[PDB]
């Protein structure tokens, strides 16, 4: 063939836009669209011996990816061709039978690790119905990320073997960003840490919850950004909070919210004085307006008054798009 048709793969967000090279979160589903190209063979008169080598499609994820869901495998004519393909899932090429190891090896395809492969069950019928007609096959594939993969690049590649000839496609890539948050206890906002120190009965102290900075160049929009702090309300009387932008935030219309801006208008605070449960949550309609090309984050300052003697602990949980993480535990003594 004069003009070859190597396979391709894309990674798409929920709107169908490519998010190649962008970051995602631990709870992300990677939604890939892979193409096995046959349009180059339209009208070919392949030998019976060539056709007999069949048609294989390989997807090779890196170590980051966990369970695969095959959403669909469709020819460009709209046919569901999933029943015509044998699905194999191997931890190494060494577990394939010798026939298929020889096929991939002589095709020049040498997958490094664990991969998935789909082969035509009846190469002659598949050739007649799809390859010879030039009908490309689209694999809609979705993966979760392994819980143990907490940073680095997620990668997924494809290859195809047509009549025993191998073609390798592109490798899509996404960085996995695990959120992280911190807690400190201060004499006041912009003051000094007093963690592990003595606090005089009746003094105010301020908890600082350092939110995670959602990075620019992410492949998703924000819908949840919130802190839940369980105050030791037997000892700490909640007085008030303060939430501020920790980075300069650009919205989708181009508006800039400077670092240090008070963000209260975009949040809701609720405090249960019976339980000690404080929550500060960003509103979803606001979060929706942050540009994907903008970082975003906030710090929250909770001021309380010490109204009982003893050891007083604080910890907070942080949620971003359903991903929960915890701060340190801090303590003061009175």
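Residue numbers count along the first chain shown, from 1.
The PDB entry records a higher mean C-alpha B factor for 230-238 than for its counterpart among 230-238 and 177-185. In this entry, 262-270 has the higher mean Cα B-factor, the comparison being between 262-270 and 27-35. Which of 145, 158, 256, 84 has the largest Cα B-factor in the deposited entry comes down to 256. Residue-level inspection of the entry shows that, of 221, 79, 122, 136, 221 has the top Cα B-factor. In this PDB entry, the Cα temperature factor of residue 276 sits in the top third of its chain's modelled residues, the highest group. Among all modelled residues in this chain, the alpha-carbon of residue 114 has a temperature factor (C-alpha) in the lowest third.
Among all modelled residues in its chain, residue 214 ranks in the middle third by Cα B-factor.
Split the chain's modelled residues into thirds by C-alpha temperature factor. Residue 88 is in the lowest one. Per-chain ranking of the deposited C-alpha B factor places residue 73 in the lowest third.
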